[PDB]
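Asks: coords below, sequence missing:
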Ligand SMILES: [Zn+2]
Ligand SMILES: [Zn+2]
Ligand SMILES: [Zn+2]
């Protein structure tokens, strides 16, 4: 099957044999080759258009940096918590030798819930000015590993109403370990980070939106190419 | 005295097999240690044979005392004679 | 069993208060201190039996080199089982057998 | 000697998880996977993995002189492609319970007739037997995990001049 | 099917010895050596580097040579009068020669400078008899007799002096 | 099989030389003979040294 | 207990070699380096695992 | 009581621009991270049949060509499908199949690959904002998913086994050559030339 | 990885690890911290795989007590670098770099050779210490030295490969020496004369 025409024909054959998820009879027709078990539900596998412009990294805590293990930290941040789901990370590097990550979160449950609800409901062109203040919690040592291929890792999110599954690329993996600050460097530590950070929600500028659309034009040119 | 307590559980079967008395072990500990350690011992009828001790940061000191006690407390017998067997000898008289 | 520090993950050494007369587990790398629940600071076993039956795995019934008996299972009363001796390998170790059923996979003796 | 890269590719294809994604508290029942003495990952269903590796080796996908060892007691799964390992060939007994041929040799009179002729009925030599799954090589380390019948007469259950064979009555049945 | 007799086992053993022989390990190891090991050993340290920051107008000059491919030949014999001819093991045994073949290596030279090459004979490697690089591997039964070699001889050894 | 303490599993040869040994018995008997040869060829030097010291 | 040992270190003031002596006192957790020619004295704290190389490296760090 | 190190209270008035999302997760902000196997590739670009036909590469090495063919036919793709009503719709060749036991499987064409899910704690997805140098979290990665071939009889597994078996069979580095003269001839002739030019250079230097 | 201390003698049963190009043995906790995992709990997580086994934890306790003096990665690397048998008087930063080199390379080279890949080295160190503890606690017999599946045979191939490696290194050194001598004369050498 080294013929390019044969490969193209195989591609169109694979494209044409997609089973409609709403077709229950055809779904039950499909049988597992080994398990011999009928299919129950199906979901389409599609890429995500609005997230290709952004850069995504899989962030993990290694060892004792686990939030569940740190019981007082978990109790302070709430026993899924919206504070964890809306946390901020601020990488600051004084020099190549010394590096760490700054973690911020919303202590108040109501403010974090309002911010999370506002962030997860962005489908219109009206955003309220939510001046949310983030408080520093802890710092960790970081290491980074890069992926040679673009789509080495991908996270899958589901959508039951549309029977689809949206996947996003992963650029790299970030690992964090607990860092004990040296007592002789606390004077310089106090001058690096901040006790509070205020986040203001504003509508994106036209030029930045055009830049992001130009970046997305690589994936989807039908609905986003400039005219 | 100190709040730290030291109690050791001794096997009843092997203690009876060696034909030893708890009072004898108590006197041995008292002799080797004078009044530096207060000692109490459960009676014969106890379900589990135990003998406690109390001193008169000292957790490590008590650990070293316990290790020394386990190591070199000689109840009875000739030192160096690890085991003894009974043998029958056929002798012409 | 010994506990670890909840803030810097080091070992919690026991400590005694002179004024309060309490046993407390304290980390020497910080000021964290948690109240001890039991007074059992240390326990040493001169003669121990741990590791005799602790060497058990859940896939031991797939080993073809193990002998197969017909002893009765105490739980599900199966007619097939796999036996072996003690996993501890000291000179004083007994020659008693441990039987493993092929359905419930529990370890039981014959006495 | 054989390269270990296809072995790692096959292992990663069949569900092996690397060391960086491994937590000893979470994985209290996973099997450590060694390749040429290097701990490369872990797995939670070692039976399917060892079955797949052995079937691939018996089909010629993996080189026949590669060692596949499963230590059930220590929860380890070791693979060796090193140079200098001494091995010997053995007949393979069909050990699949779901098969009808359970407890019987895989080699039949058809294989013997093909060997005598010298070709297959649509060169047929020793290598054809090895890559057909009726013969395989085992080294001294893999021998510790297998059960070997001395003669094909041993696979099925008062003269003063004939030698006497062991009873082997300690086990009710032998596989 | 039908049962497998002891004669079938001896048929299988005969197939084994027909394919492998009795000295297969020696020949296979030597063939692996000659085929890949020499090239890998050469490519272990493939770059010799010499630098000279000449100041005598600072010119930093790096001189480096790369090792390329390994070329092997069938064993040859060079006479005192200068001629050459193909060597065979019986002649090496009779005249106390060494049965060995020349090894050639590609050396590439480059002249790096910053202001701020063909086959070389590297030696002769003795050849194991009846291996892939021996002259007797191809010869059939008749030419083996013409070469005064015994057909029962199995190889697996070297001829030094 | 594992954990077998029967006589045939641990080196008891129940056949005679006239009857013929089984392969397991053959291997165990070869192990014992190897022990004998090693013991002789190892103790000879110690015995010779003792004899020399006694003579001197 | 003070421990006096002859070392083959090089003094950075007099440049004479094999004229460095390390004196460490484990009881008070101190270590003294004295130059047999320069008569200079260097003091640095020591730990339970301390060795003369530790005090020598500490002196090197202090000198620069 | 570990006192808080930071008490200055200095605050940055930084405002981040955020774009609307084409989809929103419902009930749980959970995503599953999936490792990409060697036999599977992701083609986010829309399927263009004519460039795909015009860019097929043929190599002498059968194993490399077979691997490229397998990964190309197994590549996840998508394309625009013209609806019968005149509209345009996104059409894909990949689906997710859930069996009765609750397990999930990724399906591309007739090939089905099983999913093995391992629960992971304290694993989240973040979005990098390089222009501001901060990382904004997105959701939680609860489970890690590995892709495993369904069975031996699957064509993908057979092609992978064939490619990996025949890949290590080809091994021949040394190239044969024919020697027509004595190898040491180059060495002796260059020694003679070097000695001649040494004598000429010595004569010139004595005459200089 | 030696296990010092006899039964009921020598106070604590410390575990010291011998390292290449290091003059004196090193406790396991210090090298574990040097690799880049400081907390003692995670060191025990790497070493032991079942928390209910109090005996191995008790045997590791003296090592934790001895290694408590070191509490940072950089001081641990420096402590490695002092004993690294290098030239006396090397500066602290250069000592730390030397320790990083001797830790990345020549410490379990068969695992990996690249930077930032020391997680597998820590896991393998935990595995070795676990095997040492399992043998020390009479849970397993010591390894059979005479077992034949742990042996290898070197045929003509490997022996000739080792010999050819030595001879080729000698030839390369001769080529290097001749090149150094020839660059004095500054001539366009034919390169067919350097090779012997
Ligand atoms: Zn603490
Ligand atoms: Zn049962
Ligand atoms: Zn001086």
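Replies: In hand now; what should we look at? Residues are numbered from 1 along each chain as shown, chains lettered A, B, ... in the order given. Ligands and ions are numbered 1, 2, ... in the order given.

Asks: can I assume residue F:29 sits in a strand?
Replies: No - using DSSP: H, G, I helix; E, B strand; the rest coil, the secondary structure at residue F:29 is helix, not a strand.

Asks: and stretch G:42-56, anywhere near chain B?
Replies: No - Stretch G:42-56 stays clear of chain B (C-beta under 8 Å from any C-beta of the partner chain), getting no nearer than 14.7 Å. All C-beta atoms are positioned from the backbone trio N, CA, C, and that covers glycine.

Asks: so that stretch, near chain C or not?
Replies: No - no part of stretch G:42-56 sits near chain C under the criterion C-beta under 8 Å from any C-beta; the closest distance found is 14.9 Å.

Asks: now do the end-to-end distance for that stretch.
Replies: 10 Å (C-alpha to C-alpha, to the nearest Å).

Asks: can you give the distance from that stretch to the centre of its chain?
Replies: Distance of stretch G:42-56 from the chain centroid (C-alpha atoms, centre = their mean, to the nearest Å) equals 8 Å.

Asks: who's in contact with it?
Replies: Stretch G:42-56 is contacted by residues G:5, G:7, G:9, G:20, G:22, G:24, G:26, G:29-34, G:58-59, G:62, I:24, I:66, I:69, I:82-83, I:88 when judged by C-beta atoms under 8 Å, 6 or more residues apart in numbering or on different chains.

Asks: and it, what's buried?
Replies: Along stretch G:42-56, these residues count as buried under the neighbour rule (16 or more other C-beta atoms under 10 Å in any protein chain shown): G:42, G:44, G:46, G:50-56.

Asks: now the two most distant members of those residues.
Replies: Using C-beta to C-beta, those span at most 15.7 Å, a distance reached by G:42 and G:51.

Asks: can you pull the residues of chain B lying near chain I?
Replies: B:67, B:70-71.

Asks: cutoff 6 Å now
Replies: Within chain B, not a single residue sits near chain I (C-beta under 6 Å from any C-beta of the partner chain).

Asks: cool, chain G as well?
Replies: Within chain G, the positions adjacent to chain I are G:47, G:53, G:57, G:61 by C-beta under 6 Å from any C-beta.

Asks: for residue A:97, see how far away the last one is.
Replies: This points to residue G:61. According to C-beta to C-beta, to the nearest Å, residue G:61 stands 17 Å off from residue A:97.

Asks: in its sheet, what does the one helix or strand residue A:175 maps to sit against?
Replies: Following DSSP states H and E, one finds residue A:175 within strand A:172-178. Here strand A:172-178 is paired, per DSSP bridges, with strand A:55-61 (parallel), strand A:132-146 (antiparallel).

Asks: quick one: the strands in chain A, in order.
Replies: A:39-47, A:55-61, A:88-92, A:100-105, A:132-146, A:153-159, A:164-170, A:172-178, A:196-202 (DSSP state E).

Asks: residue closest to the middle of chain A?
Replies: Centroid-nearest residue in chain A, with C-alpha atoms, centre = their mean: residue A:56, separated by 5.5 Å.

Asks: returning to that earlier point: just name the closest of the residues of chain G next to chain I to chain A, please.
Replies: residue G:61 (14.1 Å; C-beta to the nearest C-beta).

Asks: residue contacts, residue 41?
Replies: Answering for chain A, as no chain was given. residue H:98 (C-beta atoms under 6 Å, 6 or more residues apart in numbering or on different chains).

Asks: I was after chain I.
Replies: Residue I:41 touches C:4, C:9, counting by C-beta under 6 Å, 6+ apart.

Asks: so it lies in a strand, does it not?
Replies: No - applying three-state DSSP, one finds residue I:41 to be helix, outside a strand.

Asks: just the buried ones from the contacts of stretch G:42-56?
Replies: Buried, going by 16+ other C-beta under 10 Å: G:7, G:9, G:20, G:22, G:24, G:30-34, G:58-59, I:66, I:82-83, out of the contacts of stretch G:42-56.

Asks: was I right to think the residue nearest to the centre of chain A contacts residue A:173?
Replies: No - the pair residue A:56 and residue A:173 does not pass the contact test of C-beta atoms under 6 Å, sitting 10.9 Å apart.

Asks: against which helices or strands is the longest strand along chain H packed?
Replies: With DSSP E setting the assignment, residue counts place strand H:134-149 as the longest strand in chain H. Strand H:134-149 sits against strand H:30-35, strand H:111-119, strand H:123-129, with contacts defined as 3 or more C-beta pairs under 6 Å, 6 or more residues apart in numbering or on different chains; DSSP states H and E.

Asks: contacts for whichever helix or strand comes after that strand?
Replies: Per DSSP H and E, the first helix or strand lying C-terminal to strand H:134-149 is helix H:155-167. If you take C-beta under 6 Å, 6+ apart as the criterion, helix H:155-167 is touched by D:6, D:61, H:39, H:63, H:66-67, H:70, H:111, H:149.
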